Number of protein chains: 2
Amino acid sequence: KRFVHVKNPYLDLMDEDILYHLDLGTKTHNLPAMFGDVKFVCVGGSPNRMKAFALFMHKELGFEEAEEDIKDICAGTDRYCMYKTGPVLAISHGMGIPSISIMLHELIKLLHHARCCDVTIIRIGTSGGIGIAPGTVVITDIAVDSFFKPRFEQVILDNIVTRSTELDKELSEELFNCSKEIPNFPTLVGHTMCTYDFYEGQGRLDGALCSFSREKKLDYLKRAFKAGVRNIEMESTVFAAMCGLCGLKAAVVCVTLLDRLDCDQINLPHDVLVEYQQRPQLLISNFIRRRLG
Amino acid sequence: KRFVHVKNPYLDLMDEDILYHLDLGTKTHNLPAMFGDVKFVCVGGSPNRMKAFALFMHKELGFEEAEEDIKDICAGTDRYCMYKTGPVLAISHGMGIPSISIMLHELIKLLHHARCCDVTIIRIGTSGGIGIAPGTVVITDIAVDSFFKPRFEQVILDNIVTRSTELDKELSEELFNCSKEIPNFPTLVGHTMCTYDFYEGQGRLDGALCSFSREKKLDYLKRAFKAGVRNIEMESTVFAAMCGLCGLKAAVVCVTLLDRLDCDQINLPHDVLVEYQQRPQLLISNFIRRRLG
Ligand SMILES: O=c1[nH]c(=O)n(COCCO)cc1Cc1ccccc1
Ligand SMILES: O=c1[nH]c(=O)n(COCCO)cc1Cc1ccccc1
Ligand SMILES: [Co+2]
Ligand SMILES: [Co+2]
Ligand SMILES: [Co+2]
Ligand SMILES: [Co+2]
Ligand SMILES: [Mg+2]
Ligand SMILES: [Mg+2]
């Protein structure tokens with residue numbers, strides 16, 4: 001049994017641990033009772049996406065539906081919103097490295113407090129593609145920074161520390177194998193670039209700020225493609241680094257919404273976009289069903 | 001008249017601009033009609049905080065209440081949520097530098113498209129204090145990074161570019177003058193440190209990861225205090241940098257919830273916390289009333 005670890009000798013010395021952004025705590029809640037049975041954590045941007053994911057889990061796998069307390073609705077608050085369906089826990093993380101990092105610190109502590117074991121964690125979401133068809137599901141093999149390097153640079157106090165961004169190889173391979181079973185479901189494995197800015201950080205020409213030319217954009221993106229990058233998003237490096245440090249097996253599965261070699265703004269009918277957006281959760285549902293069979 | 005500027009020669013060349021994360025666009029909406037009258041933009045973390053701020057604006061200043069479309073509620077989505085009351089626009093930004101940066105790119109473009117002028121923008125929120133009483137409202141004079149330097153480091157394509165984090169001096173002074181009118185309202189001007197991580201980035205001992213000692217935490221925080229830092233949050237440097245680049249007059253006003261020299265977790269009664277949390281909006285309401293008188 002692979003228990004979820006923390007890397008913090010102070011944590012066990014505390015009288016109580018308050019997970020402020022989850023609205024949970026070790027004294028206020030029975031965390032082993034509430035979460036000890038979690039085997040799969042799926043994380044994504046918005047409360048609504050993740051609530052919908054949990055409902056999909058109910059419908060696809062027949063797990064007990066996530067309970068709703070109507071006098072404490074999480075959506076709209078400063079908390080990360082959780083929706084549990086049997087052994088699957090869906091959690092929102094907002095946008096960007098700092099936002100997901102707060103959620104991950106508190107989630108990893110939660111799984112540790114609950115004495116969970118053999119947990120798989122998977123990020124689902126959207127991304128920009130490079131040189132691949134819009135609607136393609138990319139399974140990340142390695143997450144890279146803006147310089148196409150597999151690293152996450154932490155600032156700890158006033159010191160810079162570099163961490164590796166390795167994602168579980170067997171898991172990425174298993175997800176790719178699952179994808180083969182799904183018809184009309186274009187999938188590939190490739191590197192994923194994670195940036196701190198959506199606009200200039202991704203070579204966009206449509207921000208409030210653009211200090212470079214179209215030619216420089218395309219050169220950057222073509223070099224990224226040569227390095228093996230196939231999509232671009234905003235959470236994968238810190239996700240890979242933290243999950244890796246705490247011995248959790250992690251994967252990233254994102255659909256592309258456009259080919260960035262061609263444009264910066266989406267030009268898809270609404271119904272097609274809806275179709276693309278549900279593709280990662282479809283793969284994850286196949287995966288979980290296979291694991292549990 | 002000081003119009004809101006962008007720094008992007010490509011923007012005017014586009015047929016249409018889609019502000020995806022605001023759910024607005026130049027073709028789908030009449031942006032000058034909808035927003036040309038905006039003079040004050042207040043930004044903060046959550047949809048609920050900002051909706052409440054807008055209601056407070058209605059009650060305090062008598063501006064028309066923000067309209068609610070019940071078939072398209074923003075809270076819970078991947079969008080930044082807007083609540084307009086007369087010349088005041090309240091907008092949510094989520095947590096952290098990347099999250100606020102996406103909102104700022106689209107907001108600055110919005111104000112430009114709407115031909116707004118003479119706009120003041122103010123971030124309100126919470127923070128950790130250093131060596132000052134919990135509940136203190138800190139008006140930022142300068143925003144600094146984890147190294148106590150007034151800089152914001154952008155990664156543009158694969159290049160690092162440093163930007164200044166100057167906030168409008170006259171504005172910070174005017175807000176401080178307004179605060180003097182409010183009884184039972186502890187306020188100070190000081191530097192604000194902005195970090196990419198809430199836990200190790202702020203010297204916390206309670207994260208899933210803690211790679212340093214209590215002694216090192218306290219030394220870091222004491223050096224920050226010596227530099228002039230009085231509070232710690234997660235958006236001020238990119239906010240100051242972008243607003244500055246686009247010639248918008250900006251300020252940051254955050255209340256402290258704890259003294260980080262003493263603890264990492266909040267220990268306040270709920271009712272006291274509620275009291276503290278509303279302090280920045282109280283100052284902003286005084287400020288706006290004065291400007292409009
Ligand atoms: O190009 C992208 N880059 C990216 O980091 N993502 C991930 O989500 C960021 C917030 O929507 C998603 C996309 C696709 C996209 C394109 C235009 C508008 C919205 C999303
Ligand atoms: O110490 C802090 N650091 C900080 O960056 N903020 C700003 O908000 C971050 C998300 O809640 C707020 C605080 C106060 C605090 C302390 C404990 C829990 C929550 C918030
Ligand atoms: Co422990
Ligand atoms: Co490669
Ligand atoms: Co223009
Ligand atoms: Co100083
Ligand atoms: Mg193409
Ligand atoms: Mg003290």
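Every chain is numbered from 1 and lettered A, B, ... according to where its sequence line falls, protein lines coming before strand lines.
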Visitor: If we define contacts as heavy-atom pairs under 4.5 Å, which of B:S146, B:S101, B:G207 has the most with chain A?
Guide: B:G207
Visitor: Could you give the distance from CD1 (A:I232) to CZ (A:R204), rounded to the nearest 0.5 Å?
Guide: 7.5 Å
Visitor: Please tell me if the side chains of B:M82 and B:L110 come closer than 4.5 Å, counting only heavy atoms from C-beta onward.
Guide: yes
Visitor: Can you tell me which portion of A:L245 sits under 4.5 Å from chain B's heavy atoms? Options are side chain, backbone, both or neither.
Guide: side chain
Visitor: Just by modelled atom types, is the B:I156 backbone N or O under 3.5 Å from a matching donor or acceptor in the B:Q154 side chain?
Guide: no
Visitor: Within a strict 4.5 Å, meaning less than it, do heavy atoms of the A:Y276 and A:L268 side chains meet?
Guide: yes
Visitor: Please determine, among B:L104, B:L157, B:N8, the option with the most heavy-atom pairs under 4.5 Å with chain A.
Guide: B:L157
Visitor: Out of curiosity, B:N48 CG to B:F53 CZ, how far, rounded to the nearest 0.5 Å?
Guide: 15.0 Å
Visitor: Counting a contact as any heavy-atom pair under 4.5 Å apart, which residues of residues 18-29 of chain B contact chain A?
Guide: B:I18, B:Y20, B:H21
Visitor: If you tally heavy-atom pairs under 4.5 Å against chain B, which of A:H5, A:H105, A:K7 wins?
Guide: A:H105
Visitor: Counting heavy-atom pairs under 4.5 Å with chain B, which one of A:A208, A:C210, A:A224, A:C81 comes out on top?
Guide: A:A208
Visitor: Distance from A:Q265 atom CD to B:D15 atom CG, nearest 0.5 Å?
Guide: 10.5 Å
Visitor: Does B:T195 reach the main-chain N or O of B:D197 with its side chain, forming a donor-acceptor pair under 3.5 Å?
Guide: yes
Visitor: Of the backbone (N, CA, C, O) and the side chain (C-beta and beyond), which part of B:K216 lies under 4.5 Å from a heavy atom of chain A, both, or neither?
Guide: both
Visitor: When rounded to the nearest 0.5 angstrom, what distance separates OG1 in A:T256 from CD in A:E233?
Guide: 12.5 Å
Visitor: Of the listed residues (B:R214, B:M242, B:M234, B:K217), which shares the most heavy-atom pairs with chain A below a 4.5 Å separation?
Guide: B:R214
Visitor: So which part of B:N159 gets closer than 4.5 Å to some heavy atom of chain A, the side chain, the backbone, both or neither?
Guide: backbone
Visitor: Check this for me: does any side-chain nitrogen of one of A:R49 and B:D78 sit under 4.0 Å from a carboxylate oxygen of the other?
Guide: no
Visitor: Only pairs of heavy atoms separated by less than 4.5 Å count here; which of B:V161, B:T77, B:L13 has the most with chain A?
Guide: B:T77
Visitor: With side-chain hydrogen bond (donor to acceptor under 3.5 Å, both in side chains) as the criterion, how do A:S211 and A:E200 come out once you've worked through the C-alpha distance, each side chain's angles and the decisive distance to 0.1 Å?
Guide: CA-CA 8 Å; A:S211 56; A:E200 290 194 284; 2.9 Å; yes
Visitor: May I ask you to name which of B:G76, B:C246, B:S46 has the most heavy-atom pairs under 4.5 Å with chain A?
Guide: B:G76
Visitor: For A:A250, give me all partners under side chain to side chain contact (heavy atoms under 4.5 Å, CB included), at least two apart in sequence or on another chain.
Guide: A:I121, A:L167, A:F239, A:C243
Visitor: Just so I understand: if I count every heavy-atom pair under 4.5 Å between each of A:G96, A:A75, A:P98, A:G45 and chain B, which residue has the most?
Guide: A:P98
Visitor: Mind checking what makes salt bridge (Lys or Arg N to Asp or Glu O under 4.0 Å) contact with A:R223, not counting sequence neighbours?
Guide: A:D219, B:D158
Visitor: Does any non-hydrogen side-chain atom of A:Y80 lie less than 4.5 Å from one of A:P47?
Guide: no
Visitor: Could you tell me whether a side-chain N or O of A:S99 sits under 3.5 Å from a main-chain N or O of A:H93, the two making a donor and an acceptor?
Guide: yes
Visitor: Where does B:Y220 contact chain A at under 4.5 Å (heavy atoms): side chain, backbone, both or neither?
Guide: side chain
Visitor: Looking at A:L205, A:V6, A:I266, which has the largest count of heavy-atom pairs under 4.5 Å with chain B?
Guide: A:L205
Visitor: Please rank B:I108, B:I102, B:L11, B:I73 by heavy-atom pairs under 4.5 Å with chain A and give me the top one.
Guide: B:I102
Visitor: Under 4.5 Å, counting heavy-atom pairs only, tell me which of A:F198, A:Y199, A:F148 racks up the most with chain B.
Guide: A:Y199
Visitor: Give, as side chain, backbone, both or neither, the part of A:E106 having an atom under 4.5 angstrom from any heavy atom of chain B.
Guide: side chain
Visitor: Measuring heavy-atom distances to chain B, does A:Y196 have an atom under 4.5 Å in its side chain, in its backbone, in both, or in neither?
Guide: both
Visitor: Measuring heavy-atom distances to chain A, does B:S213 have an atom under 4.5 Å in its side chain, in its backbone, in both, or in neither?
Guide: both
Visitor: Relative to chain A, which segment of B:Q202 carries a heavy atom at a distance below 4.5 Å: side chain, backbone, both, or neither?
Guide: neither
Visitor: Specify which of A:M95, A:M14, A:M50, A:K51 makes the most heavy-atom pairs with chain B at under 4.5 Å.
Guide: A:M95
Visitor: Look at the side chain of A:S127 and the backbone N and O of A:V255, then say whether any donor-acceptor pair between them is shorter than 3.5 Å.
Guide: yes
Visitor: Excluding sequence neighbours, so at least two apart, what forms side chain to side chain contact (heavy atoms under 4.5 Å, CB included) with B:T162?
Guide: B:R151, B:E153
